[PDB]
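Novice: One structure, as structure tokens, below. Some questions next.
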Amino acid sequence: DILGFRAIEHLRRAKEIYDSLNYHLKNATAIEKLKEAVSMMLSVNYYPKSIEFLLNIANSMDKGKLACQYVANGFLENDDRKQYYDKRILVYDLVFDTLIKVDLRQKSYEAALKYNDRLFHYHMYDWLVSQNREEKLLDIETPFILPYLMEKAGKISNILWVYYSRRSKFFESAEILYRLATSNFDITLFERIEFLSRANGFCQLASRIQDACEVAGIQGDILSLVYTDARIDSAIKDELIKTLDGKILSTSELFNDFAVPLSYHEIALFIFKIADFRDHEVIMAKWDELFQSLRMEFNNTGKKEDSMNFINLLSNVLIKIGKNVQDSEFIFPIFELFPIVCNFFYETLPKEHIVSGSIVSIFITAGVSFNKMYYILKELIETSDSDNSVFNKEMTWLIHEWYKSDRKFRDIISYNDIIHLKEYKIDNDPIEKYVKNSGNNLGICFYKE
């Protein structure tokens with residue numbers, strides 16, 4: 001009571017004016033009263049040691065660590081008495097209310113920070129996030145910053161856009177953006193992926209990250225299609241869109257709840273690759289649909305235009321999904337597929353609109369090497385007892401396409417020994433001949449630039 005009036009006087013004399021400052025410090029050791037005392041401290045620019053004062057007082061009453069236990073329950077019953085917590089917050093708030101006023105102003109911040117009190121920092125930080133000084137957190141090097149961010153991990157995206165940033169160590173950063181992308185709060189794919197584009201960049205984890213990138217991408221495709229697709233209402237779309245941007249989904253869900261009812265057959269195919277499906281029948285069953293749908297939209301008038309136009313778009317669709325699934329031999333059985341393609345070509349287009357090379361150029365452009373494409377075709381020719389009039393024209397086009405594309409190839413067979421082959425034959429084979437003399441070493445795979 002009186003001791004308080006005396007302390008207030010000790011600070012009153014200081015105001016009229018270092019000694020009285022010490023008399024105020026000691027005066028403490030001995031609520032709205034406690035505010036007043038400070039207000040006068042500051043009149044003489046007494047901030048830094050004012051804070052310590054306030055803090056020391058906060059620690060002097062709890063003496064100690066009882067509030068901490070109250071929080072471990074965070075209860076409304078007496079828990080480890082709430083009173084202690086409710087008290088310190090008031091002091092804390094005053095430490096903030098004063099910090100605000102410092103708006104040489106850095107010597108007052110590095111006091112609070114450079115001061116052992118978890119609860120305080122936990123609350124200083126909370127106080128920083130409130131007035132959006134979130135980025136300032138990224139400039140804090142206290143032993144209590146780390147845990148704080150960790151605990152508050154799960155607008156938390158700020159805490160996390162703060163965390164993966166925070167970590168200048170890549171492992172930890174990535175492990176964060178991963179969960180960031182696989183989380184529950186609404187976060188568009190474009191960011192879910194940029195989280196992965198980032199997370200990936202830093203690098204079992206790789207495993208789960210890549211998988212994610214892949215499945216995510218598929219949704220992006222399905223999503224892009226739902227736009228163009230005219231079989232949908234914009235609200236349906238939207239509902240769907242909500243589901244697509246919103247998270248990564250079970251493949252079977254992606255397949256059964258989308259690719260099928262929406263007959264996006266390329267998708268289902270690409271899915272097959274990632275999931276590592278192999279059942280030839282079902283794989284081919286899906287290829288069949290692909291071609292059969294393609295057929296529906298075509299308009300055969302016998303004109304050289306509609307033919308080419310379709311040839312193009314057809315070659316286009318194929319090369320796309322081709323690039324995506326070519327590296328798989330079960331999703332991309334070139335031996336079973338190339339025929340079917342040619343077949344698809346003639347079964348639809350006027351024979352006179354089909355040019356030698358139109359079919360094979362697709363696989364080549366898809367990402368298949370000249371080397372692989374060659375042997376498969378050669379087999380296809382010597383395996384069948386039929387005419388092979390079609391494959392021959394293609395092979396003829398292919399060999400001519402290789403020579404004029406690879407110097408390494410012209411270095412084995414002369415321009416003379418190439419202009420001869422107008423239609424392919426096992427004995428006319430310029431490659432077969434060069435092998436019966438120099439060996440079967442055609443050098444590394446030659447792809448299309």
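Residue names in the structure tokens use chain letters A, B, ... in the order shown, residue numbers from 1 in each chain, and ligand numbers from 1 in the order shown.
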Quick check for you: according to DSSP on this backbone, which residues of range 26-264 of chain A are classed as alpha helix (DSSP H)? Reply as a ChimeraX atom specification.

Specialist: /A:26-29,32-43,47-62,66-73,82-101,109-112,118-130,145-151,156-161,163-166,170-181,189-202,205-228,234-246,251-254

Novice: Per residue of range 58-152 of chain A within 9 Å of range 21-32 of chain A, which atom pair is closest and at what distance in Å (one decimal), using only C-alpha atoms, listed by chain and increasing number, as a Markdown table?

Specialist:
| residue | atom | partner | partner_atom | distance |
| --- | --- | --- | --- | --- |
| A:60 | CA | A:29 | CA | 7.3 |
| A:87 | CA | A:31 | CA | 8.8 |
| A:90 | CA | A:31 | CA | 8.1 |
| A:91 | CA | A:31 | CA | 8.2 |

Novice: Let's have the selection written as a PDB file, in the first residue's frame, with N, CA and C atoms.

Specialist:
ATOM      1  N   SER A  60       8.780 -12.931 -11.363  1.00  0.00           N
ATOM      2  CA  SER A  60       8.896 -12.804  -9.914  1.00  0.00           C
ATOM      3  C   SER A  60       7.635 -13.261  -9.200  1.00  0.00           C
ATOM      4  N   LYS A  87      -2.569 -13.309 -15.103  1.00  0.00           N
ATOM      5  CA  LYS A  87      -1.767 -12.213 -14.581  1.00  0.00           C
ATOM      6  C   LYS A  87      -0.702 -11.813 -15.594  1.00  0.00           C
ATOM      7  N   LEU A  90      -1.315  -9.890 -18.788  1.00  0.00           N
ATOM      8  CA  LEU A  90      -1.513  -8.465 -18.563  1.00  0.00           C
ATOM      9  C   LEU A  90      -0.172  -7.738 -18.598  1.00  0.00           C
ATOM     10  N   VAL A  91       0.797  -8.270 -17.856  1.00  0.00           N
ATOM     11  CA  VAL A  91       2.165  -7.758 -17.877  1.00  0.00           C
ATOM     12  C   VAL A  91       2.741  -7.870 -19.282  1.00  0.00           C
TER      13      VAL A  91
END

Novice: Near residue 400 in chain A, within 9 Å and counting only C-alpha atoms, which residues show up once chain neighbours fewer than 3 positions away are dropped, as a PyMOL selection string?

Specialist: chain A and resi 395-397+403-405+418-419+421

Novice: List the neighbours of range 441-444 of chain A out to 10 Å using only C-alpha atoms; skip same-chain residues closer than 5 positions along the sequence, and give me the result as a PyMOL selection string.

Specialist: chain A and resi 369+371+408-409+412+431+434-435

Novice: With C-alpha atoms retained, write the just-selected residues as an mmCIF file, in the first residue's frame.

Specialist:
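Final output, saved to out_28.cif:
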data_model
loop_
_atom_site.group_PDB
_atom_site.id
_atom_site.type_symbol
_atom_site.label_atom_id
_atom_site.label_comp_id
_atom_site.auth_asym_id
_atom_site.auth_seq_id
_atom_site.Cartn_x
_atom_site.Cartn_y
_atom_site.Cartn_z
ATOM 1 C CA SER A 369 14.164 -43.976 -81.040
ATOM 2 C CA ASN A 371 16.813 -47.906 -83.372
ATOM 3 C CA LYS A 408 26.359 -41.083 -87.769
ATOM 4 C CA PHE A 409 24.055 -43.044 -90.083
ATOM 5 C CA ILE A 412 27.834 -46.282 -92.618
ATOM 6 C CA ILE A 431 21.112 -51.896 -92.420
ATOM 7 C CA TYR A 434 26.072 -53.165 -93.170
ATOM 8 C CA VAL A 435 25.624 -55.602 -90.272
#

Novice: List as a list in words the protein and nucleic acid residues near range 136-151 of chain A, meaning an atom at most 9 Å away when only C-alpha atoms are counted, but skip any in the same chain fewer than 6 places from it.

Specialist: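 Counting only C-alpha atoms, the residues come to residues 113, 114, 115, 116, 117, 118, 121, 122, 125, 128, 129, 159, 160, 162, 163, 165 and 166 of chain A.
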
Novice: Which polymer residues have any atom within 9 Å of an atom of range 185-187 of chain A, counting only C-alpha atoms, with same-chain residues fewer than 6 positions away left out, as an mmCIF file with N, CA, C and O atoms, in the first residue's frame?

Specialist:
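To be explicit, this is the file written out as around-v2.cif:
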data_model
loop_
_atom_site.group_PDB
_atom_site.id
_atom_site.type_symbol
_atom_site.label_atom_id
_atom_site.label_comp_id
_atom_site.auth_asym_id
_atom_site.auth_seq_id
_atom_site.Cartn_x
_atom_site.Cartn_y
_atom_site.Cartn_z
ATOM 1 N N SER A 157 -0.884 -21.428 -43.040
ATOM 2 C CA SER A 157 -0.051 -21.466 -44.231
ATOM 3 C C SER A 157 0.982 -20.349 -44.166
ATOM 4 O O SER A 157 2.025 -20.416 -44.815
ATOM 5 N N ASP A 245 -8.889 -29.347 -57.632
ATOM 6 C CA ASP A 245 -7.871 -28.439 -57.101
ATOM 7 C C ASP A 245 -7.583 -28.717 -55.629
ATOM 8 O O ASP A 245 -6.494 -28.429 -55.128
ATOM 9 N N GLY A 246 -8.579 -29.270 -54.945
ATOM 10 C CA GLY A 246 -8.580 -29.339 -53.497
ATOM 11 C C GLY A 246 -7.611 -30.314 -52.862
ATOM 12 O O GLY A 246 -7.225 -30.131 -51.707
ATOM 13 N N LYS A 247 -7.218 -31.350 -53.596
ATOM 14 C CA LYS A 247 -6.368 -32.377 -53.007
ATOM 15 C C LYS A 247 -5.949 -33.459 -53.993
ATOM 16 O O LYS A 247 -6.350 -33.455 -55.151
#

Novice: Excluding range 374-386 of chain A and residues on its chain fewer than 5 positions from it, collect all residues at most 9 Å away from it, counting only C-alpha atoms, and give them as an NGL selection string.

Specialist: :A and (334-335 or 338-339 or 369 or 391-392 or 395 or 398-399 or 425-426)

Novice: Hey, can you spit out that residue selection with N, CA, C and O atoms as a PDB file, in the first residue's frame?

Specialist:
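Output contents, as saved in result.pdb:
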ATOM      1  N   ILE A 334       4.476 -51.030 -78.397  1.00  0.00           N
ATOM      2  CA  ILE A 334       4.670 -50.551 -79.757  1.00  0.00           C
ATOM      3  C   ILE A 334       4.420 -51.661 -80.777  1.00  0.00           C
ATOM      4  O   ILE A 334       3.996 -51.404 -81.907  1.00  0.00           O
ATOM      5  N   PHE A 335       4.681 -52.899 -80.372  1.00  0.00           N
ATOM      6  CA  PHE A 335       4.484 -54.037 -81.258  1.00  0.00           C
ATOM      7  C   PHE A 335       2.999 -54.283 -81.534  1.00  0.00           C
ATOM      8  O   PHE A 335       2.622 -54.639 -82.653  1.00  0.00           O
ATOM      9  N   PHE A 338       1.441 -50.198 -83.099  1.00  0.00           N
ATOM     10  CA  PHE A 338       1.739 -49.665 -84.419  1.00  0.00           C
ATOM     11  C   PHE A 338       0.828 -50.258 -85.494  1.00  0.00           C
ATOM     12  O   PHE A 338       0.260 -49.516 -86.297  1.00  0.00           O
ATOM     13  N   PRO A 339       0.679 -51.596 -85.516  1.00  0.00           N
ATOM     14  CA  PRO A 339      -0.281 -52.168 -86.464  1.00  0.00           C
ATOM     15  C   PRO A 339      -1.647 -51.514 -86.293  1.00  0.00           C
ATOM     16  O   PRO A 339      -2.152 -50.887 -87.225  1.00  0.00           O
ATOM     17  N   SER A 369      12.947 -44.072 -80.247  1.00  0.00           N
ATOM     18  CA  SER A 369      14.164 -43.976 -81.040  1.00  0.00           C
ATOM     19  C   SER A 369      14.019 -44.643 -82.399  1.00  0.00           C
ATOM     20  O   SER A 369      13.176 -45.519 -82.587  1.00  0.00           O
ATOM     21  N   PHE A 391       3.436 -51.647 -94.015  1.00  0.00           N
ATOM     22  CA  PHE A 391       4.634 -51.558 -93.194  1.00  0.00           C
ATOM     23  C   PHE A 391       5.858 -51.257 -94.056  1.00  0.00           C
ATOM     24  O   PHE A 391       6.711 -50.458 -93.671  1.00  0.00           O
ATOM     25  N   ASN A 392       5.935 -51.890 -95.225  1.00  0.00           N
ATOM     26  CA  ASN A 392       7.048 -51.666 -96.149  1.00  0.00           C
ATOM     27  C   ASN A 392       7.196 -50.199 -96.551  1.00  0.00           C
ATOM     28  O   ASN A 392       8.304 -49.668 -96.590  1.00  0.00           O
ATOM     29  N   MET A 395       8.475 -48.351 -93.315  1.00  0.00           N
ATOM     30  CA  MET A 395       9.882 -48.671 -93.108  1.00  0.00           C
ATOM     31  C   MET A 395      10.729 -47.922 -94.127  1.00  0.00           C
ATOM     32  O   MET A 395      11.764 -47.347 -93.789  1.00  0.00           O
ATOM     33  N   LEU A 398      10.855 -44.515 -93.050  1.00  0.00           N
ATOM     34  CA  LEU A 398      11.633 -44.417 -91.820  1.00  0.00           C
ATOM     35  C   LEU A 398      13.128 -44.378 -92.108  1.00  0.00           C
ATOM     36  O   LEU A 398      13.823 -43.452 -91.692  1.00  0.00           O
ATOM     37  N   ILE A 399      13.618 -45.393 -92.813  1.00  0.00           N
ATOM     38  CA  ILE A 399      15.035 -45.475 -93.140  1.00  0.00           C
ATOM     39  C   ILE A 399      15.506 -44.185 -93.807  1.00  0.00           C
ATOM     40  O   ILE A 399      16.574 -43.665 -93.485  1.00  0.00           O
ATOM     41  N   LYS A 425      12.662 -54.202 -98.269  1.00  0.00           N
ATOM     42  CA  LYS A 425      12.694 -55.657 -98.339  1.00  0.00           C
ATOM     43  C   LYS A 425      13.824 -56.181 -97.456  1.00  0.00           C
ATOM     44  O   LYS A 425      14.856 -55.527 -97.314  1.00  0.00           O
ATOM     45  N   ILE A 426      13.626 -57.358 -96.869  1.00  0.00           N
ATOM     46  CA  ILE A 426      14.610 -57.935 -95.953  1.00  0.00           C
ATOM     47  C   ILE A 426      15.987 -58.080 -96.602  1.00  0.00           C
ATOM     48  O   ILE A 426      17.014 -58.014 -95.923  1.00  0.00           O
TER      49      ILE A 426
END

Novice: Pick out the closest residue to residue 182 in chain A from this set: A:71, A:330, A:345, A:213. Count only C-alpha atoms.

Specialist: A:213

Novice: For CA of residue 92 in chain A and CA of residue 34 in chain A, determine how far apart the two atoms are, in Å to one decimal place.

Specialist: 12.2 Å
